[PDB]
Amino acid sequence: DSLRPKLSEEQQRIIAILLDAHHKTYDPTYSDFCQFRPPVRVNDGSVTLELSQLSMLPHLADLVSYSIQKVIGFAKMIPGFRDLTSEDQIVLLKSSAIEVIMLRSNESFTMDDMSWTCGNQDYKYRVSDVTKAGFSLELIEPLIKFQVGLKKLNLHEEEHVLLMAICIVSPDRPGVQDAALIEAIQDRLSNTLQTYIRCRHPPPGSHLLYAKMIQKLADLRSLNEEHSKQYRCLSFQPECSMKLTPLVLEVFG
Ligand SMILES: C=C1C[C@H](C[C@H](C)[C@H]2CC[C@H]3/C(=C/C=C4/C[C@@H](O)C[C@H](O)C4=C)CCC[C@]23C)OC1=O
């Protein structure tokens, strides 16, 4: 019964535009990473110790910051995103930033050892490194769970970039002015994704794939909510702002 329409010239161009945007903002080699403040890993195996020193915070905070910059770059390249007001663009970016960081980090995350591998031993990030940055298991364990669930979806790069686009352009963000326009753009992307899936993804990973992708966006809200609680606690630590960046402070604070 179900129709499988072809991708329109506009939909074809949109996937092209997005893929191109991603390749310009995601370094698959991770060759900027050494320019960050060096990672420090102390003896831990204690939340008191974690907050006392916060050895991994300056590095991961630099990574997060770096990523946010790339997300901003990426969002500005989304078809229609430039049509929104500067005020709206900022709101959408700030409230999706952390979600899209988690979302994009999937390219680096490996099921081999349940870590984020960005080359080396220095740039292999485990749960223990994220605790060393002052974040509790209440956020991390379900992040890994989300990361794994997303890996087993086996998304095409075409699907992966369209999802990052849909994440950003969400009309149900707190603070949006022109929610009608944002929804209009999101719809154009959703339909491209729904079309792409139906006529470009082979079974048995094709059936019910869109519904699972929308669900991952709901999990991303939970994590966003959790990150907010944990960043707030983290901020209360004295001389912590210096371990962050002017951009991470503004976007998350
Ligand atoms: C300073 C932090 C750390 C924390 C970030 C959280 C816990 C997660 C989300 C994505 C994770 C990671 C992402 C890894 C990368 C590397 C590469 O894939 C680029 C991508 O943008 C990215 C962030 C690995 C460590 C913990 C991160 C930063 O929030 C903060 O404010």
# chains A, B, ... in the order shown; residues from 1 in each chain; ligands from 1
>>> select_by_dssp(residues="segment 80-202 of chain A", states="strand (DSSP E or B)", output="ChimeraX atom specification")
/A:109-110,115-117,124-125
>>> closest_atom_pairs(of="chain A", to="ligand 1", cutoff="9 Å", atoms="only C-alpha atoms and all ligand atoms", output="CSV")
residue,atom,partner,partner_atom_place_in_ligand_line,distance
A:26,CA,ligand 1,19 (C),7.0
A:27,CA,ligand 1,19 (C),7.7
A:28,CA,ligand 1,18 (O),7.9
A:30,CA,ligand 1,17 (C),7.1
A:33,CA,ligand 1,16 (C),8.8
A:56,CA,ligand 1,1 (C),8.5
A:57,CA,ligand 1,1 (C),5.7
A:58,CA,ligand 1,1 (C),7.5
A:59,CA,ligand 1,1 (C),7.8
A:60,CA,ligand 1,1 (C),5.0
A:61,CA,ligand 1,1 (C),3.7
A:62,CA,ligand 1,1 (C),7.4
A:63,CA,ligand 1,23 (C),5.9
A:64,CA,ligand 1,23 (C),5.2
A:65,CA,ligand 1,1 (C),8.1
A:66,CA,ligand 1,21 (O),7.4
A:67,CA,ligand 1,21 (O),4.3
A:68,CA,ligand 1,21 (O),7.4
A:70,CA,ligand 1,21 (O),7.7
A:71,CA,ligand 1,21 (O),8.1
A:98,CA,ligand 1,9 (C),7.0
A:99,CA,ligand 1,9 (C),8.0
A:100,CA,ligand 1,21 (O),8.0
A:101,CA,ligand 1,21 (O),4.9
A:102,CA,ligand 1,10 (C),4.2
A:103,CA,ligand 1,10 (C),7.7
A:104,CA,ligand 1,20 (C),5.6
A:105,CA,ligand 1,18 (O),3.5
A:106,CA,ligand 1,18 (O),6.2
A:107,CA,ligand 1,18 (O),5.7
A:108,CA,ligand 1,18 (O),4.4
A:109,CA,ligand 1,18 (O),7.0
A:115,CA,ligand 1,24 (C),7.9
A:116,CA,ligand 1,24 (C),5.6
A:117,CA,ligand 1,16 (C),7.8
A:118,CA,ligand 1,16 (C),6.4
A:123,CA,ligand 1,16 (C),8.9
A:124,CA,ligand 1,24 (C),8.5
A:125,CA,ligand 1,25 (C),5.7
A:126,CA,ligand 1,25 (C),7.3
A:127,CA,ligand 1,26 (C),7.9
A:129,CA,ligand 1,25 (C),7.6
A:130,CA,ligand 1,26 (C),5.6
A:131,CA,ligand 1,7 (C),8.5
A:133,CA,ligand 1,3 (C),6.5
A:134,CA,ligand 1,3 (C),8.1
A:135,CA,ligand 1,7 (C),6.8
A:139,CA,ligand 1,7 (C),7.3
A:140,CA,ligand 1,7 (C),6.4
A:143,CA,ligand 1,9 (C),7.6
A:227,CA,ligand 1,29 (O),6.6
A:228,CA,ligand 1,31 (O),8.8
A:230,CA,ligand 1,29 (O),8.3
A:231,CA,ligand 1,31 (O),6.2
A:234,CA,ligand 1,31 (O),8.8
A:243,CA,ligand 1,1 (C),8.8
A:244,CA,ligand 1,1 (C),7.2
A:248,CA,ligand 1,31 (O),7.0
A:249,CA,ligand 1,31 (O),8.9
A:252,CA,ligand 1,31 (O),7.5
>>> residues_around(residues="residue 196 of chain A", least_positions_apart="3", cutoff="9 Å", atoms="only C-alpha atoms", output="PDB file with N, CA and C atoms, in the first residue's frame")
ATOM      1  N   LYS A   6       9.954   9.485  -5.183  1.00  0.00           N
ATOM      2  CA  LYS A   6      11.341   9.880  -5.384  1.00  0.00           C
ATOM      3  C   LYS A   6      11.638  11.209  -4.701  1.00  0.00           C
ATOM      4  N   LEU A   7      12.921  11.454  -4.457  1.00  0.00           N
ATOM      5  CA  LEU A   7      13.370  12.706  -3.874  1.00  0.00           C
ATOM      6  C   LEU A   7      13.258  13.810  -4.913  1.00  0.00           C
ATOM      7  N   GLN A  11      14.817  18.446  -2.518  1.00  0.00           N
ATOM      8  CA  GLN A  11      15.225  17.514  -1.463  1.00  0.00           C
ATOM      9  C   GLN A  11      16.629  16.971  -1.713  1.00  0.00           C
ATOM     10  N   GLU A 158      23.562  10.607   5.263  1.00  0.00           N
ATOM     11  CA  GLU A 158      22.440  11.430   4.815  1.00  0.00           C
ATOM     12  C   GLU A 158      21.365  11.565   5.894  1.00  0.00           C
ATOM     13  N   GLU A 159      21.100  10.473   6.605  1.00  0.00           N
ATOM     14  CA  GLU A 159      20.144  10.482   7.713  1.00  0.00           C
ATOM     15  C   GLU A 159      20.720  11.206   8.931  1.00  0.00           C
ATOM     16  N   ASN A 191      10.309  15.750   5.960  1.00  0.00           N
ATOM     17  CA  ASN A 191       9.837  15.134   4.727  1.00  0.00           C
ATOM     18  C   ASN A 191      10.969  14.626   3.851  1.00  0.00           C
ATOM     19  N   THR A 192      12.086  15.350   3.827  1.00  0.00           N
ATOM     20  CA  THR A 192      13.265  14.894   3.103  1.00  0.00           C
ATOM     21  C   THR A 192      13.802  13.620   3.746  1.00  0.00           C
ATOM     22  N   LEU A 193      13.855  13.608   5.079  1.00  0.00           N
ATOM     23  CA  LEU A 193      14.289  12.433   5.837  1.00  0.00           C
ATOM     24  C   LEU A 193      13.330  11.259   5.641  1.00  0.00           C
ATOM     25  N   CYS A 199      12.885   5.402   0.267  1.00  0.00           N
ATOM     26  CA  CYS A 199      13.365   5.037  -1.060  1.00  0.00           C
ATOM     27  C   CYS A 199      14.883   4.858  -1.162  1.00  0.00           C
ATOM     28  N   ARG A 200      15.580   4.904  -0.028  1.00  0.00           N
ATOM     29  CA  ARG A 200      17.046   4.814  -0.035  1.00  0.00           C
ATOM     30  C   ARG A 200      17.627   3.891   1.040  1.00  0.00           C
ATOM     31  N   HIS A 201      16.789   3.445   1.972  1.00  0.00           N
ATOM     32  CA  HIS A 201      17.253   2.549   3.027  1.00  0.00           C
ATOM     33  C   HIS A 201      16.734   1.126   2.814  1.00  0.00           C
TER      34      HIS A 201
END
>>> atom_distance(atom1="atom CA of residue 246 of chain A", atom2="atom CA of residue 172 of chain A")
26.9 Å
>>> atom_distance(atom1="atom CA of residue 150 of chain A", atom2="atom CA of residue 114 of chain A")
12.8 Å
>>> residues_around(residues="segment 78-86 of chain A", least_positions_apart="5", cutoff="9 Å", atoms="only C-alpha atoms", output="MDAnalysis selection string")
chainID A and resid 14 17:18 21 91 165 169 177:178 181:182 185 189
>>> write_last_selection(atoms="C-alpha atoms", output="JSON list (two decimals), in the first residue's frame")
[["chain", "number", "residue", "atom", "x", "y", "z"],
["A", 14, "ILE", "CA", 19.09, 19.89, 0.59],
["A", 17, "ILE", "CA", 23.91, 21.13, 1.12],
["A", 18, "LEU", "CA", 23.73, 19.43, 4.53],
["A", 21, "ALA", "CA", 28.08, 21.53, 5.55],
["A", 91, "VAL", "CA", 17.69, 30.73, 20.78],
["A", 165, "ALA", "CA", 19.29, 19.62, 11.30],
["A", 169, "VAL", "CA", 15.28, 23.71, 13.99],
["A", 177, "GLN", "CA", 9.33, 34.04, 18.42],
["A", 178, "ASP", "CA", 8.49, 32.86, 14.90],
["A", 181, "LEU", "CA", 8.60, 29.56, 10.35],
["A", 182, "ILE", "CA", 10.78, 27.18, 12.37],
["A", 185, "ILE", "CA", 11.64, 24.56, 7.89],
["A", 189, "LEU", "CA", 13.68, 18.56, 6.51]]
>>> atom_distance(atom1="atom CA of residue 160 of chain A", atom2="atom CA of residue 96 of chain A")
15.5 Å
